[PDB]
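K.L.:
My structure is below; once you've seen it, I'll send some questions.
Number of protein chains: 2
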Amino acid sequence: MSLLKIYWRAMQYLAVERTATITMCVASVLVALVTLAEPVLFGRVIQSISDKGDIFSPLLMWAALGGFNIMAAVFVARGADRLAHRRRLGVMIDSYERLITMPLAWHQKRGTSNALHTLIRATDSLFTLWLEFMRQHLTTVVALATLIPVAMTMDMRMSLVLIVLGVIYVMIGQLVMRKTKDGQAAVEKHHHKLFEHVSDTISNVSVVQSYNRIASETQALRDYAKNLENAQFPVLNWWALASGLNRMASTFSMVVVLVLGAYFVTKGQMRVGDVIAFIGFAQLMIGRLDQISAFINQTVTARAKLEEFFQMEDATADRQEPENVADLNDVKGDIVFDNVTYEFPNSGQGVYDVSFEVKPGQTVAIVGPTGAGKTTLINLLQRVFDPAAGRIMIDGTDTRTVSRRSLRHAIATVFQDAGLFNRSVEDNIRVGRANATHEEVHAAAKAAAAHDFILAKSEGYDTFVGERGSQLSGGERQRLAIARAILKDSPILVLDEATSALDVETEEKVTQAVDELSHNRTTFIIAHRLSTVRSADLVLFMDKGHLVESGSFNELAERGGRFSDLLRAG
Amino acid sequence: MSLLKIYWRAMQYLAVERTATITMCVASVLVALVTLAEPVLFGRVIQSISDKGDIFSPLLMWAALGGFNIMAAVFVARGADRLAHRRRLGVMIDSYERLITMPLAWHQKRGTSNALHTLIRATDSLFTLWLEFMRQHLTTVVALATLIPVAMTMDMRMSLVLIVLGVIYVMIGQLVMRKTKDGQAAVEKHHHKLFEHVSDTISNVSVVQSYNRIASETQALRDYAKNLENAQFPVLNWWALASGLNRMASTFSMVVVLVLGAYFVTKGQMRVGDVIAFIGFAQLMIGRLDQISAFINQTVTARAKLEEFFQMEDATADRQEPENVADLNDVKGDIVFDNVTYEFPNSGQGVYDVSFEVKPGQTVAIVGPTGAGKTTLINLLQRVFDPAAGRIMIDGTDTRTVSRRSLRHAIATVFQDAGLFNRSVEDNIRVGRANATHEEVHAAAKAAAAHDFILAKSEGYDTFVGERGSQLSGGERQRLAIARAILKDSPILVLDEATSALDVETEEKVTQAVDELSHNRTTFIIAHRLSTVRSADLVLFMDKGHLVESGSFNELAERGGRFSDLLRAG
C-alpha cells in the first residue's frame with residue numbers, strides 16, 4: 001500500500017493551499033460531468049426521430065456544453081500549472097531552508113551532493129505529479145466513477161459489455177507493459193556494449209590506425225550489431241503491440257458496441273440515440289483508461305525517489321527547541337577543555353581525556369603526526385558535535401548554553417580547503433561582515449597581499465571565480481580565504497593548514513601579517529610546516545589520542561623525546 | 001528549401017533498401033485508403049433509412065475494414081521499427097568504417113569527440129525520423145491529399161468549411177508554438193540562475209553555516225523565486241493554449257460541422273449519413289494535422305545536427321584511389337631525408353630544409369629545446385602528412401609509393417601519452433600481433449618488467465583498465481606501452497618521451513631492455529631526460545627549425561656551442 005501512501009502525502013502539500021485546490025477540484029468535477037453529458041446530447045441530436053422533428057432544442061444544449069468544455073479546457077489547464085509551479089517553488093524553498101540550517105555530521109553521513117540531487121529530482125517529479133493529476137486524472141477518475149451508474153441505469157447489457165471491455169483492455173495493457181519492460185532490460189546491455197566500443201575505438205583512433213586494426217575493429221562492430229539484432233528480435237512484437245494497442249482497443253470497442261446496438265435495434269428494444277451515446281462512452285472510456293494507466297506507470301517509476309525524499313524530509317524536520325539561551329557577550333578569551341572524549345566513526349574513540357587551558361592574548365600551536373585527534377579538538381572548539389564526555393568552558397559560561405548564532409560569530413576559522421561561491425571575488429570577500437562596505441575590503445586585501453594580485457590580473461576584482469574556486473590555483477584561494485578571515489577579525493581565530501601550498505617568499509609575509517593582526521587576539525594554529533610554529537607562545541603535542549607536552553617555545557628544547565625528534569628533524 | 005533537401009537526403013538512405021521500403025509504403029497507402037473509407041461506411045450504417053432497412057450489408061463491410069485496420073496497425077508498426085533499427089545500424093557501421101580509416105589531421109582539425117557526438121546524435125535523430133515518418137506521417141499525408149477530392153466531390157460547401165478549419169487550425173498552432181518558444185527562451189535564464197544558486201549554496205554548506213548567512217541565502221532564494229514567478233506570468237496563457245488546443249479544435253470543428261449539417265438537412269439537401277461522415281472527417285483531419293505539425297517541429301529542431309552530419313559524411317567520403325602500389329618488403333633500414341619542409345598551422349613553417357641519413361643497425365637520438373620541428377620530423381617518418389617539399393627515401397623506394405598497411409607494420413612507435421582501450425590488460429597487450437598467442441605475452445611482459453607488477457596486483461593480468469588508462473598511473477601505462485611495442489618487435493622503432501615519468505631505478509632497467517632488444521634494429525629516440533642519450537650512436541640537434549650538428553657521442557664534446565651548454569647543464 002506504499003503507492004496510496006505516497007499519493008496521500010503528495011496530496012497533503014496541495015492541501016496546504018486550500019482555496020486554489022478547492023477551485024481546481026470543483027472545476028474538474030464540473031468538467032467530468034460535462035464530459036459524460038456530451039455524448040448523451042449528441043445521441044439526442046442524432047436521434048431526433050430519424051432526423052425529423054425539433055433539432056434546434058437539443059443542438060443548442062449540445063453547443064452550449066461544447067463551449068463550456070472549451071472554456072474549461074483553457075481555465076483548468078491554466079490554473080493547474082500555475083498552482084503546480086507555485087507549490088513546487090514553495091516546497092523547494094521550505095525544504096532548502098530547513099536543510100541548510102542543520103548540523104554537518106548528517107551531511108557527511110548522507111552526502112551533500114546526494115541530498116541536493118534527491119531534493120531537486122523529487123521536487124521535479126512531485127511537480128509533474130501535481131500538474132497532471134489534478135486536471136486530467138481527477139477528471140478521468142470522476143468521469144469513470146460516474147459513468148458506471150449511467151451505463152448501469154441506461155442499457156445494463158451494454159453496461160456489462162463496457163465493464164468487460166475495460167477490464168480486458170487494462171489487463172492486456174499491463175501484460176504488454178511487463179513483457180516490454182523485460183525485453184528492454186535485456187537489450188540495454190548489448191546496446192551499451194556496442195556504444196561503449198564505438199566511443200572507445202573512435203577516441204583512440206591513432207592507436208587503431210598505427211597497427212592496421214581497422215578491419216578487426218569493423219568486424220567486432222559488425223558482431224556487436226548482429227548481437228543487437230538477435231537481442232531485439234524477440235521483443236519487436238511487444239513493441240508493435242504497445243505502439244498500436246490504443247487504436248486496436250478503440251476500433252474493437254466501437255465494432256462490438258455498434259454490432260450489439262444494431263442487433264438490439266433490429267429487435268426494437270433500442271433506439272439510434274442510445275447507440276450513438278454508447279459509442280462515445282466506449283471511446284472516452286478507452287482514452288481515459290490509457291491515460292490513467294500511463295499515469296500509474298509514471299508514479300510507480302517515481303516512487304523510488306519519492307520515498308527517499310519523504311524519508312529525508314521527516315529526518316530533517318526537528319532540531320533543538322528554540323529558546324533565547326544566554327549567548328556569550330563581550331568575549332575576551334579563556335578556553336579550557338576538561339576530560340573531553342568523542343567517538344568519530346561510532347567506534348575507536350580518537351581523543352583520550354585531554355585537558356588544557358588557553359589564556360587571554362596567547363597563541364596556541366598544536367602539532368602532531370598521523371593523529372587525527374587535533375582535528376576533532378578543533379571541531380569541538382567550534383562545537384560541531386556535542387562532546388559525549390568532558391566539558392568546555394569559555395568566559396565562565398558553558399558552551400552548551402550559548403547560542404550558535406553568537407558562537408559562530410565569536411570565532412573565525414580558516415582551514416585547509418576553503419570553499420568559495422560562484423559569485424564575484426568581491427562578493428566572496430564581502431561575507432566577512434554582514435553589511436561591510438567597499439572601503440575596508442581594499443585594506444583587507446592589501447593586508448593579505450591579495451589586492452595587488454587581483455587588481456590588474458583576472459579583469460579587475462570583479463571576475464566570477466569558477467565553482468569551488470576552479471578558476472584560481474590553491475595559493476590564490478588560500479590568500480582569498482586569509483583575506484576573508486582577517487576581514488572578519490573575530491577575537492578568536494583559527495588556522496588549519498591554510499598556508500601549506502605557497503613558497504617561502506609569500507609565506508613569510510602572510511605569517512607576519514596574520515601574526516600582527518592577531519596580537520590582541522587568541523589563535524589556534526595547526527600546520528605541517530614547522531616555520532610558523534616558532535613564533536607561537538604555547539606548543540601542544542597531540543599523539544595517538546593523547547596530550548603529553550605543554551610548554552612554551554623556550555621550554556620545549558629539552559621537553560619530550562619524540563617531540564625532540566621532530567624538532568631535530570625540522 | 002533546406003528542410004525539403006534534408007528530407008530527400010534522409011529518404012535516400014531508406015531507398016538503399018528497396019523491398020522493405022516498397023512494402024511499407026504500399027501498406028501505408030492501403031492504411032490511408034481504409035482510414036478514409038471507414039467514416040463513409042459508418043455513415044452508411046447509421047443512415048440505413050433512419051435505421052429501418054438492411055443493416056447487415058453495410059455493417060459487415062464496416063467490421064471488415066475495422067479488422068483490416070487492426071491488423072495493419074500491428075503489421076505496419078512492426079515493420080517500420082524493424083526497418084528503422086536495421087537501417088540505423090547499417091548507416092552507423094558504414095559511417096564508422098569510413099571515418100576510422102582516414103588521416104589524423106582531419107581529426108585534429110575537427111575534434112574526434114565532436115565527430116563522435118555528431119555521428120551518434122545524428123544517427124539517433126535520423127532513426128527517429130525514419131521510424132515515425134513512414135508509418136504515421138506517410139499515412140497522414142496520403143490521407144489528407146486523398147481526403148481533399150472526396151470532400152470536394154461529396155459536399156462542396158462542407159469541403160470548403162473543412163479546408164478553412166484546417167488552415168485556421170494550422171495558423172493558430174504556429175502562432176502558439178512561436179509565442180511559447182519566446183517565453184521559454186526568456187524563462188530559462190532565471191530558471192538556471194535559481195538552480196545554480198541552490199546548488200552552489202548547498203555544496204558550500206560549511207561556509208554558509210560558519211558565518212550566519214542562512215537568512216541572507218534564504219532571502220536571496222526567495223527573491224529568485226519571485227523573479228521566476230514574474231518571468232513565468234506572461235507565458236501561462238500560451239502554455240494553457242498549447243495544452244488545450246487539440247481539444248479546442250476538435251470540439252469547435254465538430255460543433256460547426258454538426259450545426260451546418262443540421263441546417264442543411266432541415267432544408268432537405270442532405271442526409272444523416274453525410275453528416276456522420278463529415279464529423280469523422282473533421283475529427284481525423286484535426287488529429288492528423290496536429291501529429292504532422294509536431295513532426296515538422298521535431299524535424300526543424302533536428303535540422304541543425306542533420307546538416308552537420310551530412311556535411312561530415314560528404315567530406316569524409318573519398319580517399320586516394322585504391323591500387324596495389326608497390327609496398328616495401330623485407331625492410332632492412334636506411335632512412336634519408338632531403339630538403340623536407342612543412343607548414344603545420346598553415347603559416348609559419350617549422351622545419352627549414354633539413355637533410356640527414358640513417359644507416360643500418362644505428363640508433364639516432366634527436367635532442368632540442370622548445371623547437372617542435374623534431375615532432376614534425378617524427379610524424380613525417382611515419383608519413384602522417386605528405387611533405388609539401390623535400391623527399392624521404394627508404395630501401396631505394398619512395399615512401400609516397402608504399403602502401404600504408406605495410407608502412408604502419410614496418411615501424412613501431414611509442415610516444416609520450418599512449419592510449420589503451422577499455423578492454424583487459426591482456427587484450428591491450430595482444431594488439432602487437434594480429435594473431436599472437438598466450439605464450440610470448442608473458443615473455444614480453446617480463447622483458448618490460450610488467451609481468452611482476454600485473455601478476456598478483458590488480459587481480460591478475462585480466463582486469464579491465466579504465467578508459468584511457470584511468471585505472472593505472474603514468475608509469476604503469478608507459479610500461480604497458482613499452483611491452484606492447486617490444487611485442488610488436490618491428491625492425492624500425494621509435495621512442496618519443498615514453499620514459500619521462502619514472503624514477504631512476506626502473507628507468508635504468510627499462511633503457512637496458514629497450515637497448516638490448518634494439519641491437520639489430522634502428523631506433524629514433526626523443527626525450528628530455530639526458531640519461532638514455534649517452535648510449536646513442538648518432539645525436540642530432542634540432543633548434544628552431546634547423547639542424548646544426550651531426551655526429552657521434554665521442555665527437556659532440558667539442559662540437560657545437562649551445563649543444564655544449566646543454567651537455568654541461570646536464
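Sequences listed follow chains A and B, in order. In terms of the deposited numbering, the first sequence opens at residue 1 and continues consecutively. In terms of the deposited numbering, the second sequence opens at residue 1 and continues consecutively. For each residue, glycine too, the CB sits at the ideal point set by N, CA and C.
Taking only beta carbons into account, state which residues of the stretch 1-16 of chain A come closer than 7 Å to chain B, listed in chain order.
P.N.:
Under the 7 Å Cβ criterion, the stretch 1-16 of chain A contributes no residue.
K.L.:
Where does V31/A fall in DSSP's three states?
P.N.:
By one-based count along the first sequence, residue 31/A stands at place 31. Helix.
K.L.:
DSSP has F356/B in a bridge; who is on the other side?
P.N.:
Looking up residue 356/B in the second sequence gives position 356. Paired residue(s): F337/B.
K.L.:
Would you kindly report the start and end of the unbroken beta strand (DSSP E) that includes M134/B?
P.N.:
The residue labelled residue 134/B in the question sits at position 134 within the second sequence. Unbroken run through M134/B: none, as it is neither H nor E.
K.L.:
Are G350/A and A372/A touching if we call contact CB-CB under 8 Å?
P.N.:
Counting from one through the first sequence, the residue named residue 350/A turns up at place 350. Counting from one through the first sequence, the residue named residue 372/A turns up at place 372. Yes, the Cβ-Cβ distance between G350/A and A372/A is below 8 Å.
K.L.:
In chain order, which continuous runs of the beta strand (DSSP E) of length 3 or greater are located wholly inside the stretch 367-452 of chain B?
P.N.:
Correct list: 389-394 and 411-414.
K.L.:
Contact between the stretch 57-77 of chain B and the stretch 20-37 of chain B is defined here as three or more beta-carbon pairs at a separation below 8 Å; is this criterion met?
P.N.:
Short answer: they touch.
K.L.:
At the level of alpha carbons, what is the spacing between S48/B and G244/B?
P.N.:
Along the second sequence, read from residue 1 onward, the residue named residue 48/B stands at position 48. Along the second sequence, read from residue 1 onward, the residue named residue 244/B stands at position 244. For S48/B and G244/B, the distance between alpha carbons rounds to 36 Å.
K.L.:
In whole angstroms, what separates the C-alpha of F553/B from that of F563/B?
P.N.:
Locating residue 553/B in the second sequence gives position 553, where the first residue counts as 1. Locating residue 563/B in the second sequence gives position 563, where the first residue counts as 1. For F553/B and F563/B, the distance between alpha carbons rounds to 12 Å.
K.L.:
Please state whether the Cβ-Cβ distance between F421/B and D200/A is less than 8 Å.
P.N.:
Here residue 421/B refers to the residue found at position 421 of the second sequence. Here residue 200/A refers to the residue found at position 200 of the first sequence. Cβ atoms of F421/B and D200/A: closer than 8 Å.
K.L.:
Taking only beta-carbon atoms, is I292/B less than 8 Å away from chain A?
P.N.:
To locate residue 292/B, count along the second sequence from 1; it is residue 292. Answer no: the Cβ-Cβ gap between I292/B and chain A never drops below 8 Å.
K.L.:
Does the beta carbon of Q478/A come closer than 8 Å to any beta carbon on chain B?
P.N.:
Here residue 478/A refers to the residue found at position 478 when the first sequence is read from its first residue. No, because no Cβ of chain B sits closer than 8 Å to the Cβ of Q478/A.
K.L.:
Thinking just about the alpha-carbon of each residue, which of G273/A, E426/A, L175/A and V255/A is nearest to the one in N297/A?
P.N.:
On the first sequence, residue 297/A is found 297 positions in, with the first residue counted as 1. Here the closest residue by C-alpha is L175/A.
K.L.:
With 8 Å set as the bound, which would you pick, yes or no: does the beta-carbon of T399/A sit closer than that to a beta-carbon of chain B?
P.N.:
Taking the first sequence and counting its residues from 1, the one referred to as residue 399/A is at position 399. False, the Cβ-Cβ gap to chain B never drops below 8 Å.
K.L.:
Using three-state DSSP, classify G551/B as helix, strand or coil.
P.N.:
Residue 551/B sits at position 551 when you count from the first residue of the second sequence. Of the three classes helix, strand and coil, the one that applies to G551/B here is strand, per DSSP.
K.L.:
Note down, in chain order, every chain A residue with its Cβ under 8 Å from the Cβ of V205/B.
P.N.:
As a working mapping, residue 205/B is identified with position 205 in the second sequence. Simply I100, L104, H107 and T112.
K.L.:
What separation, rounded to the nearest whole angstrom, lies between the Cα atoms of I148/B and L165/B?
P.N.:
Numbered from 1 along the second sequence, position 148 holds the residue referred to as residue 148/B. Numbered from 1 along the second sequence, position 165 holds the residue referred to as residue 165/B. If you take the alpha carbons of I148/B and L165/B, they lie about 13 Å apart.
K.L.:
May I ask you to list the residues that DSSP assigns as paired with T522/A?
P.N.:
Position 522 of the first sequence, counting from 1, holds the residue named residue 522/A. Paired residue(s): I492/A.
K.L.:
Just the Cα atoms here: how many angstroms apart are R400/A and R391/A?
P.N.:
Counted from its first residue, the first sequence places residue 400/A at position 400. Counted from its first residue, the first sequence places residue 391/A at position 391. Distance between the alpha carbons of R400/A and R391/A is about 9 Å.
K.L.:
Mind checking whether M254/A and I279/A have CB atoms under 8 Å apart?
P.N.:
Here the question's residue 254/A lines up with position 254 in the first sequence. Here the question's residue 279/A lines up with position 279 in the first sequence. For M254/A and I279/A, yes; Cβs fall inside 8 Å.
K.L.:
What are the residues that DSSP puts in a beta bridge with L538/A?
P.N.:
As a first step, residue 538/A must be located in the first sequence, where it is residue number 538. DSSP lists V364/A as partners of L538/A.
K.L.:
Starting from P58/A, trace the alpha helix (DSSP H) both ways and give me its first and last residue.
P.N.:
What you label residue 58/A is simply residue 58 of the first sequence in a count that begins at 1. Element bounds for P58/A: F56 to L99.
K.L.:
Go through the stretch 174-237 of chain B residue by residue and report every complete run of the beta strand (DSSP E) that reaches 3 residues or more, in order.
P.N.:
Runs of the beta strand (DSSP E) inside the stretch 174-237 of chain B: none found.
K.L.:
For a test of the three-state rule: what should DSSP assign to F344/B, helix, strand or coil?
P.N.:
Taking the second sequence and counting its residues from 1, one reaches residue 344/B at position 344. Three-state result, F344/B: coil.
K.L.:
Let me check understanding here. Comparing Cα to Cα, which of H191/A, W238/A and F281/A lies closest to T140/A?
P.N.:
By 1-based counting over the first sequence, the position of residue 140/A is 140. The option with the nearest alpha carbon to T140/A is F281/A.
K.L.:
Got a sec, what are the start and stop residues for the alpha helix (DSSP H) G273/A sits in?
P.N.:
The residue given as residue 273/A occupies position 273 in the first sequence. First-last of the alpha helix (DSSP H) with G273/A: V272 to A315.
K.L.:
Using the rule of at least 16 other Cβ atoms within 10 Å of the residue's Cβ for burial, across every protein chain shown, is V142/B buried or exposed?
P.N.:
By 1-based counting over the second sequence, the position of residue 142/B is 142. Burial call: buried.
K.L.:
With 16 other CB atoms within 10 Å as the buried threshold, where does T511/B fall?
P.N.:
Counting from 1 along the second sequence, the entry for residue 511/B is found at position 511. The residue is buried, with at least 16 neighbouring Cβ atoms inside 10 Å.
K.L.:
For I429/A, which residues in chain B fall below 7 Å Cβ to Cβ?
P.N.:
The sequence position of residue 429/A within the first sequence is 429, counting from 1. Result: empty, since nearest Cβ-Cβ is about 12 Å, beyond 7 Å.
K.L.:
Considering only their Cβ atoms, is the gap separating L284/A from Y169/A smaller than 8 Å?
P.N.:
On the first sequence, residue 169/A is found 169 positions in, with the first residue counted as 1. On the first sequence, residue 284/A is found 284 positions in, with the first residue counted as 1. No, Cβ-Cβ distance for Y169/A and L284/A is not below 8 Å.
K.L.:
Give me the residue from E516/B, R477/B and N520/B with the minimum Cα distance to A501/B.
P.N.:
Here residue 501/B is taken as the residue at index 501 of the second sequence, counted from 1. Closest option to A501/B, Cα to Cα, is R477/B.
K.L.:
Which class does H546/A belong to by DSSP, given the choice of helix, strand or coil?
P.N.:
Residue 546/A sits at position 546 when you count from the first residue of the first sequence. Strand.
K.L.:
Using beta-carbon positions only, say whether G348/A and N520/A come within less than 8 Å of one another.
P.N.:
Working through the first sequence from its first residue, we reach residue 348/A at position 348. Working through the first sequence from its first residue, we reach residue 520/A at position 520. Not in contact: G348/A and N520/A (Cβ atoms no closer than 8 Å).
K.L.:
Since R405/B meets chain A, which of its residues come closer than 7 Å, beta carbon to beta carbon?
P.N.:
By one-based count along the second sequence, residue 405/B stands at place 405. The contacting residues are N212.
K.L.:
Starting from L116/A, find everything on chain B with Cβ-Cβ shorter than 9 Å and list it in chain order.
P.N.:
As a working mapping, residue 116/A is identified with position 116 in the first sequence. Within 9 Å Cβ-Cβ: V198, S199, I202 and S203.
K.L.:
Using a Cβ cut-off of 8 Å (strictly closer), state whether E440/B contacts chain A.
P.N.:
Here the question's residue 440/B lines up with position 440 in the second sequence. By this cut-off, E440/B is not an interface position.
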